[PDB]
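In full-length UniProt numbering, the protein residues as written are 4 to 456.
Just so you know, even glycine gets a beta-carbon here, dropped at the ideal spot from N, CA and C.
Shown next, in structure tokens, is the structure this report addresses.
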Ligand SMILES: [Cs+]
Ligand SMILES: [Cs+]
Ligand SMILES: [Cs+]
Ligand SMILES: [Cs+]
């Protein structure tokens, strides 16, 4: 009466990390290929049409930070019960989270829909760029509960080791969205608002398959049934303890990106922001694989934390850092060698402004930080696995807003490095946060050996 995702989740910690990471890397690859190709479609629409997405993109990131945030907290809570062999509790958590996905998604829609016209006019935009963004937001905000349900539902699969179907749910939504984008935007001539319907229909098809697995097939490990009674303020707090900080982590990382561009303004003008933007867009080739192992670390370490197997937890937390470090080592060495080739496809295709000199030198300096992020992300994933999610938020605020932002402000205003000193500061800043992250992790690991012995 045990599923294969669960049996894999409770088994070998080293095997569970590899087996649950590879599906998550593939799913986010399709999500990255969507976001990559979508920009190529929307940019070829016009000037005031490209600004309409720019006004809504922060609103989109905010909703995703809430949906995926609630998804991470749900996945962790279910993973700890399954580790503790508390299926009745893991069932109650799955029902609790699905009820929250309905409450949260409706709250996002009733809140945002009024405060849209006043929000998009705050940046001073007016006319077509505002009216398009208002219509573009009216589409994706009408189906907010689908975005939350798709994230919570995907988290219920990852919580019980079902990373396979949790990957399929991602490739189904993003795959259709890659296909539906040029058809709705160009072939049918819907325009920029067509990209909001391609996303909506894609997430609608995904929601049906998730609901088909959770309520019709019911082949998941958890029993999602409202038949009995168990409203738990304890479970509600346990889900939100990882949920709310994970959302604020995305906000903290976002605010940190806003300051780095303002430092890139002072460092090397306006295209220095474009060189900066084109630089970290390339580093997504390395951030995506880590995000995969981050989702697997949370469910594996949480499964060990629920099983009260601290050695299994530590063996998993260290193995996740070692594997991620070697995958980035290959990614960094690949991007750093063929850097003039990666920039060739990123800046010279548009002969409107050549910025190959600064982007190439940044690709030999910035991707150095990709080998240090596993020390901070696996730590954040391990704090989320054991439930102590506020520690992941503290580690993120220190890494982004303090170390990376601080080292970039100092290496520009108080040195002669200039624009290249921005990438120097982010690497050195992330390097100091790697020490703090990796040490905080192993320090938290030992505290649980004391509590159990
Ligand atoms: Cs988008
Ligand atoms: Cs509607
Ligand atoms: Cs079941
Ligand atoms: Cs200066």
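When you compare only the Cα positions, how much space is there between residue 113 and residue 133? Locating residue 113 in the chain shown gives position 110, where the first residue counts as 1. Locating residue 133 in the chain shown gives position 130, where the first residue counts as 1. Cα to Cα, the separation comes out at about 20 Å.
To test your reading of the DSSP string, which unbroken beta strand (DSSP E) runs of 3 or more residues are found completely within the stretch 357-428? none
Near residue 214, which residues of its chain fall below 7 Å by C-beta distance, leaving aside the five closest residues on each side in sequence? Here residue 214 refers to the residue found at position 211 when the chain shown is read from its first residue. The answer is none, since no qualifying residue turns up.
Grab the span of the alpha helix (DSSP H) containing residue 292 for me, first residue to last. Working through the chain shown from its first residue, we reach residue 292 at position 289. 287-310 is the span of the alpha helix (DSSP H), which, as asked, contains residue 292.
Check each candidate in 194, 33, 104, 59 and name the one with the smallest Cα separation from residue 49. As a working note, residue 49 is residue 46 in the chain shown. Of the candidates 194, 33, 104, 59, the one whose C-alpha sits nearest the C-alpha of residue 49 is 194.
Relative to the C-alpha of residue 1, which residue among 445, 207, 52, 441 is closest? The structure shown does not extend to residue 1, since the chain is modelled only from 4 through 456, so no value can be given for it.
Leaving out five residues before and five after residue 242 in sequence, what residues of the same chain have Cβ atoms less than 8 Å from its Cβ? Residue 242 sits at position 239 when you count from the first residue of the chain shown. These residues qualify, in order along the chain: 73, 76, 77, 80, 96, 99, 100, 103.
Using a Cβ-based criterion (distance less than 7 Å to any ligand heavy atom), does residue 147 qualify as near ligand 2? Locating residue 147 in the chain shown gives position 144, counting from the first residue. No; taking the cut-off as 7 Å, the Cβ of residue 147 has no heavy atom of ligand 2 nearer than that.
Residue 187: CB within 7 Å of a non-hydrogen atom of ligand 1: For the purposes of this step, residue 187 is identified with residue 184 of the chain shown, where counting begins at 1. Residue 187 has its Cβ no nearer than 7 Å to any heavy atom of ligand 1.
Flag this pair as yes or no: are the beta carbons of residue 223 and residue 216 separated by less than 8 Å? Residue mapping note: residue 223 aligns to position 220 of the chain shown, counting from 1. Residue mapping note: residue 216 aligns to position 213 of the chain shown, counting from 1. Yes; because the gap between Cβ atoms is below 8 Å, this pair is in contact.
Determine, using beta carbons only, whether residue 31 and residue 390 come nearer to each other than 8 Å. Taking the first residue of the chain shown as 1, we reach residue 31 at position 28. Taking the first residue of the chain shown as 1, we reach residue 390 at position 387. No; because the gap between Cβ atoms is not below 8 Å, this pair is not in contact.
Run the CB neighbour count on residue 340, radius 10 Å, all protein chains shown included, and call it buried at 16 or more, exposed below. As a working note, residue 340 is residue 337 in the chain shown. When all chains shown are included, residue 340 counts as exposed.
Go ahead and label residue 27 buried or exposed: buried means 16 or more other beta carbons lie within 10 angstroms of its beta carbon, across all protein chains shown. As a working note, residue 27 is residue 24 in the chain shown. When all chains shown are included, residue 27 counts as buried.
Buried or exposed for residue 452, please, with buried defined as at least 16 other CB atoms from any protein chain shown within 10 angstroms of its CB. Position 449 of the chain shown, counting from 1, holds the residue named residue 452. Exposed: under 16 other Cβ atoms inside 10 Å.
Quick check on the DSSP output: what are the complete alpha helix (DSSP H) runs of length 4 or more inside the stretch 69-157, in order along the chain? Within the stretch 69-157, the runs of alpha helix (DSSP H) at least 4 residues long that lie entirely inside it are, in chain order, 90-115, 120-123, 131-145.
Could you please give the first and the last residue of the uninterrupted alpha helix (DSSP H) stretch that includes residue 185? As a first step, residue 185 must be located in the chain shown, where it is residue number 182. Per DSSP, residue 185 belongs to the alpha helix (DSSP H) from 166-185.
N-terminal and C-terminal residue of the alpha helix (DSSP H) that residue 1 is part of: An answer regarding residue 1 cannot be provided, because it is not within the stretch 4 to 456 covered by the chain.
At a cut-off of 7 Å, would you count residue 180 as near ligand 1, judging by its Cβ distance to the nearest heavy atom? Counting from one through the chain shown, the residue named residue 180 turns up at place 177. Closer than 7 Å to some heavy atom of ligand 1: that does not describe the Cβ of residue 180.
Would you check if the distance between the CB atom of residue 150 and the CB atom of residue 55 is smaller than 8 Å? On the chain shown, position 147 is the one that residue 150 refers to. On the chain shown, position 52 is the one that residue 55 refers to. Going by C-beta atoms, residue 150 is not nearer than 8 Å to residue 55.
Just reading off the alpha helix (DSSP H) that residue 317 is part of, what are its end residues? One-based indexing of the chain shown puts residue 317 at position 314. DSSP places residue 317 inside the alpha helix (DSSP H), whose first and last residues are 313-340.
Is the stretch 169-187 in contact with the stretch 81-90, if contact means three or more CB pairs nearer than 8 Å? no
Consult DSSP for residue 200 and reduce its assignment to one of helix, strand or coil. Reading the chain shown from its first residue, position 197 is the one you call residue 200. In the structure shown, residue 200 sits in a helix (DSSP, three-state: H, G or I).
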